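Given next, in structure tokens, is a single chain: the form deposited in one PDB entry.
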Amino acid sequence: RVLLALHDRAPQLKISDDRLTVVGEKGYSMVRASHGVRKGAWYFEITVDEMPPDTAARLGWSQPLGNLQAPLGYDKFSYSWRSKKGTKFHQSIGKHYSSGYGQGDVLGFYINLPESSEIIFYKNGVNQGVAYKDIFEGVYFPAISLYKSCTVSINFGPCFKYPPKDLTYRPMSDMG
């Protein structure tokens, strides 16, 4: 069963006993999921339960070497989508991607790694466009980074709140 990882996480994150909800604490810190992917098309969802004033979230995929005490997308090992302004971050460079997301939004994360690799983000089921093309080769994990005490909840499947239309994938729960 796929959860938020037990040790592979910044220790200041407040993770709930279910291992599916996480609260932030101070500066950007990361948590990865227990399972990762190396080939194929995979999907998972994140719900922003609570985003108080002056809180942000950068969500997406990370290789095992992504820095735990830094925002997702800080280095070459991760690609992220920022709640503030919808910016996309990779190697600490943020570029125009989409509109921002906030409290209550259910966000979608699609990756494709064929044996042409793609990262696509979803906002309440709607395709937000391709964010990254021909990404680095490696194992990619679902990952959450939070800047202060926001709360988000991750859903690996099997059933998603807003299954994207005409997209082929397997839920991350298949990994467990």
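Start at 1 and count along the sequence shown; that's the residue number.
Just so you know, the form deposited with a partner chain bound exists too; it's not on screen, but the next bit is about it.
Chemist: If we define contact as a non-hydrogen atom of the residue within 4.5 angstroms of the partner, is residue 41 a contact of the partner chain in the entry with it bound?
Modeler: No, no contact at 4.5 Å.
Chemist: In the entry with it bound, is there a heavy atom of the partner chain that lies within 4.5 Å of any heavy atom of residue 135, even though the partner is absent here?
Modeler: Residue 135: no, not in contact with the partner chain in the entry with it bound.
Chemist: Does any heavy atom of residue 56 come within 4.5 Å of a heavy atom of the partner chain in the entry with it bound?
Modeler: Output for residue 56 is yes: heavy atoms within 4.5 Å of the partner chain.
Chemist: Can any non-hydrogen atom of residue 113 be found within 4.5 angstroms of the partner chain in the entry with it bound?
Modeler: So residue 113 does not count as contacting the partner chain.
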